[PDB]
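Novice: I'd like to ask some things about the structure below.
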Amino acid sequence: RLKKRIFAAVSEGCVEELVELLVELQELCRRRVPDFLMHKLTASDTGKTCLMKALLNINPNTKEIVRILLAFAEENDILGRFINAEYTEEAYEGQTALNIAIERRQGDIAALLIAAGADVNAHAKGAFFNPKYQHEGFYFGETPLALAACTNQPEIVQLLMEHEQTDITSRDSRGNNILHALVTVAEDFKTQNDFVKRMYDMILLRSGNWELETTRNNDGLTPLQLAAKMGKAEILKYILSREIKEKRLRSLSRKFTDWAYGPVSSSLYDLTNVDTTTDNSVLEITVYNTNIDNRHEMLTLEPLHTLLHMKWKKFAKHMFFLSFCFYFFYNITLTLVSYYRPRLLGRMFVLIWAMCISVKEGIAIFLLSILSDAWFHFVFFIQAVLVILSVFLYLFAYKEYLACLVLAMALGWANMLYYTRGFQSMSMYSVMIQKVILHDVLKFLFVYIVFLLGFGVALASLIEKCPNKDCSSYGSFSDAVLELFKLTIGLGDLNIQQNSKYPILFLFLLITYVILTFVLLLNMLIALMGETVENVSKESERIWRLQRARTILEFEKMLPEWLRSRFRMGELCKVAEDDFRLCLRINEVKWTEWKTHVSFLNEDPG
Amino acid sequence: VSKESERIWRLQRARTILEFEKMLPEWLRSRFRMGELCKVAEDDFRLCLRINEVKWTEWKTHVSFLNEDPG
Amino acid sequence: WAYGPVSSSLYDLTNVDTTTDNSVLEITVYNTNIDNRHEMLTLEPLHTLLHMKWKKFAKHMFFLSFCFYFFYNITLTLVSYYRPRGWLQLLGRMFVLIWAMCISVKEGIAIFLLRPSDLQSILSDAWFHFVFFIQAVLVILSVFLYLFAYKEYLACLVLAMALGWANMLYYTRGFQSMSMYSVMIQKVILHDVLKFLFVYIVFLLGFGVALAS
Amino acid sequence: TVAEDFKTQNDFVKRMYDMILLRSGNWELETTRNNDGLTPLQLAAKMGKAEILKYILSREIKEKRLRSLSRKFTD
Ligand SMILES: COc1ncnc(OC)c1C(=O)Nc1nc(C(F)(F)F)c(-c2ccnc(C(C)(C)C#N)c2)s1
Ligand SMILES: COc1ncnc(OC)c1C(=O)Nc1nc(C(F)(F)F)c(-c2ccnc(C(C)(C)C#N)c2)s1
Ligand SMILES: COc1ncnc(OC)c1C(=O)Nc1nc(C(F)(F)F)c(-c2ccnc(C(C)(C)C#N)c2)s1
């Protein structure tokens, strides 16, 4: 047939004479109308046309070939639905020839196709271009502008934005516009040369306006909140501290120096969607999202760090010390009620406070990874439940209340860790609350149960029924399991006299058990110690900073509306003709970048 | 031993896979027999295995094909 | 195929995919005179061939191997605990006996064609053929000594149960997480615990003679 | 008073100190006491400007005329 011949002549490109003669033959067959021409000019299995197959296979003679193809399509008044054709397969649906021309870094042919009238809003709405998860498919933004900006082709991005029909505010299937897409594709500093920062700045300045940055995708996130959700520390550092000095695009900045005199410089940072006064700010998302493992570097950014420090030093230090004091006196009263138990009028101060915790942490659990952040919610709730249960059992005629009361006292003294985590002495607890939490200890427990059960059977089997202390504490299976457990708990004793027909085999298996349990214990030991003390101190400091931020936000959530408005970090500042956006002032001193100061809001510093 | 674990796991895994594949009956092996025929040249027709690799650290351009239409 | 960071390539499997006399896969896997297999079993065609063989049949064959050994070990434990000190007990004992004979012939065949330089490293899979064979031999020997009028069948039975539960480490080295855990455990034991135990037995015997005299 | 460190200033205050001290070649600048009685050297001692103090305490002018401004004389 002629379809395969045209496709081969257009993919191989060894000479355009083959495709010229084949197109002459095709026109001859057509003279004997548009649907037939393109049904024979496309591949019915995918919807691909000769133009896509020509651009998918770039060869030293492909520009002339696409020129020939477009000339033949325009000479038949079909170029409209031929240059705008798109795939039909489920995986690559929506992909057109301009996507392929840009993905092949062919700028000249791309300009050719845009001049010929290829619509520049073609959304590659396929399951390959909108992957369920990354690393299975290629998500760039489902648009020729997003594809030109994601593949680092600023020439084509200029060619696309200078066009007339381009939609810079176009939103793809995922709800993302160009800026969300740039945020998702951006990875790092020197991994791919950090061109996405350049493209972000260029696309935001070219369309100088706040609509691209205030647009929410289908998850209700803006490009800034989307950089906060993921761990895009570089794009977040750029957007947050973004200083444009062009006189017309100054209102696009998020940081405004107003003060510089010499090395001293007082800058303002913008706190609109950043300072926890809205639905979910960069602060909220950066602090509470436990899916990046990069909060160590994102909570030290320019406005966020000082915002956390200010909230702390303003009210969270006081609220935290007050709650620590209240829990400390709660625990002291609990200890004195547990010591002077009736084997004395304040025995109720505990109860009330218990119920308070019982509801507070209770509600705190009802509103929701969740064993590293919310652990203390569960332990405080369990402690309060134990206390109220001890009281209920004490006023009833139960003598089992002492167990719960002593357990509650002990668990409260253990919960005292939540308040002392950055104290360099409760460091190992505050760090093994995370590594030992889930997987490090359950493997040990499984292997230890296997050891215990197997060796219990092996040792109980070796023992002979005897006339009723039996001369053997390894009698039934339960007695051997108990002896072995007591052994790994240093509560036991090795006797070479256990009333066995094979005492040497019994001794061998007992010592084998001892040594194997010691190996398991040593594994868990070197696991939870894992010293590298520089790095473990990094880990403890990082955990303290993260929990400090988390509790700062928890404490800010507790205050009423009026107290929150009275704390309310951020001075109102005019930054443009009429902008008046709440900012946060940061004074700095730099003795290295000596420059004449031409960007400032106030000419008289102070 | 952090990595030595992966080394020993990979070696034991490969040896287990190969001995299991040897244990099967010849018709079962013929049934599984990963790899599909593919015409490479005028008459080449070799058993090729298609591997799709996504490397997200890519900075280059590709222009070649055997069936340009993505599968 | 390549479009962006994606690339669908077509590798050749002519003398590679284990359908010839000795392919690159079988040679790369079975040759233990190099100590470079860790780097060669990661090349794209061999890597994906092993992955697909796994997914297709070897995952299931391995899980069935593990399940059969697990239930054989459980029945061995049950006949060791409930020993005589014949309705269904002897059914289970005949299960463990025929399965011990099967395991013994299998691992003995594997040992016969087990070339040296496989046993070069202690943390190597080749070593397991020996412990599986020893345990199956202990089981059949205990059944032989129990059919006769011997008392020492219990030592062999308990040793066989203990060695089977130890041999489950071969299967825990086949799963992925349990691979790292079990290899760490077995490294600790076979390398450091044995050296320390040699020098510590020296200490024990010396100071025991010293304090006893 | 203005000198900070090397990681923050790259040591230009030492160079400006040398320049302004040589161009006005006389002990009137180094023997002057502020409203605390501190000379520039005692002031560099009081606030721990270790780089400025190291410069002043061992300052050797090899020029023949400005050698009386030296504090260390390699002979
Ligand atoms: C700063 O710590 C303290 N300071 C002064 N006094 C204290 O107790 C009187 C304490 C203290 O930690 N007490 C505790 N109580 C309990 C409870 F089980 F009862 F909940 C503790 C507990 C809970 C869960 N797993 C364990 C382990 C794994 C270690 C075991 N086994 C221990 S720990
Ligand atoms: C998952 O492990 C288990 N789960 C449940 N039950 C079990 O045993 C009842 C087991 C188990 O490990 N059993 C074992 N059997 C034996 C054998 F000596 F017989 F070979 C073991 C052995 C072999 C060589 N060197 C030692 C050391 C160095 C430690 C000494 N001394 C111990 S260990
Ligand atoms: C034959 O003994 C074993 N075989 C195999 N494995 C074993 O442990 C894994 C063991 C064993 O002795 N275990 C132990 N457990 C505990 C406990 F912490 F629970 F109390 C032990 C204990 C008891 C009392 N005073 C301490 C001091 C203060 C010295 C400390 N530290 C530790 S000792």
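So you can find residues: chains in the structure tokens are A, B, ... in the order shown, residues in each start at 1, and ligands are numbered from 1 in order.
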Show me which residues are within 6 Å of ligand 3 counting only C-alpha atoms and all ligand atoms, and format the list as a VMD selection string.
Specialist: chain A and resid 487 to 490 514 to 515 517 to 518 521
Novice: Using only C-alpha atoms and all ligand atoms, determine which residues fall within 9 Å of ligand 1, then list them as JSON, numbers by chain.
Specialist: {"A": [335, 379, 382, 383, 406, 407, 408, 409, 410, 411, 412, 413, 414, 415, 416, 417, 426, 429]}
Novice: Need to verify the contact set: residue A:13, 7 Å, only C-alpha atoms, exclusion of same-chain residues closer than 5 positions in sequence. Can you return it as a PyMOL selection string?
Specialist: chain A and resi 59+61-62
Novice: Set the cut-off to 8 Å, count only C-alpha atoms and all ligand atoms, and list whatever residues fall near ligand 2 as a PyMOL selection string.
Specialist: (chain A and resi 447+450-458+508-509+511-513+515-516) or (chain C and resi 158-169+189-190+193-194+197)
Novice: When distances are computed from only C-alpha atoms, which of C:108, C:45, C:84, C:116 shows the smallest separation from chain A?
Specialist: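 Counting only C-alpha atoms, the residue closest to chain A is C:84.
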Novice: What separation in Å, quoted to one decimal, exists between atom CA of residue A:522 and atom CA of residue C:174?
Specialist: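 A separation of 23.3 Å between them.
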Novice: Report, in Å to a single decimal, how far apart atom CA of residue C:128 and atom CA of residue C:110 are.
Specialist: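 Between atom CA of residue C:110 and atom CA of residue C:128 the gap is 10.3 Å.
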Novice: Please identify all polymer residues within 9 Å of residue B:71, counting only C-alpha atoms, omitting same-chain residues fewer than 4 positions from it, and present them as an MDAnalysis selection string.
Specialist: (chainID A and resid 46 91) or (chainID B and resid 67) or (chainID C and resid 1 8)
Novice: List the spatial neighbours of residue D:25 as a VMD selection string - criterion: any atom at most 9 Å away, only C-alpha atoms, same-chain residues fewer than 5 positions off excluded.
Specialist: chain D and resid 20 65 to 66 68 to 69
Novice: Write out as a PyMOL selection string all residues of chain B that backbone DSSP assigns to helix (DSSP H, G or I).
Specialist: chain B and resi 4-23+26-32
Novice: Pull C-alpha atoms from the residues just selected and write them as a PDB file, in the first residue's frame.
Specialist:
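Wrote it out as result-v5.pdb, contents follow:
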```
ATOM      1  CA  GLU B   4      26.674  -6.442  51.041  1.00  0.00           C
ATOM      2  CA  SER B   5      23.125  -7.466  51.975  1.00  0.00           C
ATOM      3  CA  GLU B   6      21.891  -6.374  48.551  1.00  0.00           C
ATOM      4  CA  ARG B   7      24.823  -8.166  46.923  1.00  0.00           C
ATOM      5  CA  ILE B   8      24.046 -11.477  48.630  1.00  0.00           C
ATOM      6  CA  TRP B   9      20.303 -11.112  48.071  1.00  0.00           C
ATOM      7  CA  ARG B  10      20.834 -10.461  44.359  1.00  0.00           C
ATOM      8  CA  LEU B  11      23.157 -13.449  43.968  1.00  0.00           C
ATOM      9  CA  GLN B  12      20.895 -15.873  45.834  1.00  0.00           C
ATOM     10  CA  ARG B  13      17.889 -14.517  43.931  1.00  0.00           C
ATOM     11  CA  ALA B  14      19.546 -15.091  40.557  1.00  0.00           C
ATOM     12  CA  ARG B  15      20.694 -18.591  41.470  1.00  0.00           C
ATOM     13  CA  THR B  16      17.220 -19.479  42.758  1.00  0.00           C
ATOM     14  CA  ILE B  17      15.533 -18.104  39.631  1.00  0.00           C
ATOM     15  CA  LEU B  18      17.840 -20.089  37.367  1.00  0.00           C
ATOM     16  CA  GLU B  19      17.477 -23.388  39.228  1.00  0.00           C
ATOM     17  CA  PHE B  20      13.693 -22.954  39.314  1.00  0.00           C
ATOM     18  CA  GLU B  21      13.680 -22.257  35.571  1.00  0.00           C
ATOM     19  CA  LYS B  22      15.713 -25.442  35.135  1.00  0.00           C
ATOM     20  CA  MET B  23      13.232 -27.439  37.225  1.00  0.00           C
ATOM     21  CA  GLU B  26      10.326 -27.868  28.626  1.00  0.00           C
ATOM     22  CA  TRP B  27       6.785 -26.956  27.577  1.00  0.00           C
ATOM     23  CA  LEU B  28       6.401 -24.699  30.623  1.00  0.00           C
ATOM     24  CA  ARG B  29       9.673 -22.940  29.799  1.00  0.00           C
ATOM     25  CA  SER B  30       8.426 -22.541  26.226  1.00  0.00           C
ATOM     26  CA  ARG B  31       5.254 -21.038  27.692  1.00  0.00           C
ATOM     27  CA  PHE B  32       7.042 -18.413  29.789  1.00  0.00           C
TER      28      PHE B  32
END
```
Novice: Which neighbours of residue C:139 fall inside 9 Å, counting only C-alpha atoms, when residues of the same chain fewer than 5 positions from it are skipped, and could you give them as number ranges by chain?
Specialist: C: 76, 96-97, 100-101, 134, 144, 156-157, 159-161
Novice: Write a file of the selected residues as a PDB file, in the first residue's frame, keeping C-alpha atoms.
Specialist:
```pdb
ATOM      1  CA  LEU C  76       8.737 -31.776  62.828  1.00  0.00           C
ATOM      2  CA  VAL C  96       8.240 -35.614  57.518  1.00  0.00           C
ATOM      3  CA  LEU C  97      10.025 -38.842  56.545  1.00  0.00           C
ATOM      4  CA  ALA C 100      13.122 -35.560  54.400  1.00  0.00           C
ATOM      5  CA  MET C 101      14.005 -38.176  51.783  1.00  0.00           C
ATOM      6  CA  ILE C 134      22.267 -32.461  57.095  1.00  0.00           C
ATOM      7  CA  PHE C 144      15.466 -45.127  61.440  1.00  0.00           C
ATOM      8  CA  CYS C 156      18.595 -36.471  66.295  1.00  0.00           C
ATOM      9  CA  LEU C 157      14.940 -35.396  66.262  1.00  0.00           C
ATOM     10  CA  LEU C 159      18.688 -31.426  66.423  1.00  0.00           C
ATOM     11  CA  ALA C 160      16.744 -31.768  63.172  1.00  0.00           C
ATOM     12  CA  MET C 161      13.985 -29.482  64.445  1.00  0.00           C
TER      13      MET C 161
END
```
Novice: Which residues are close to stretch 39-42 of chain B, i.e. within 10 Å by only C-alpha atoms, leaving aside same-chain residues fewer than 6 positions away? Reply as a list in words.
Specialist: residues 48 and 66 of chain B; 10 of chain C
Novice: What residues in stretch 122-333 of chain A get the DSSP label strand (DSSP E or B)? Please answer as a count of residues only.
Specialist: 10
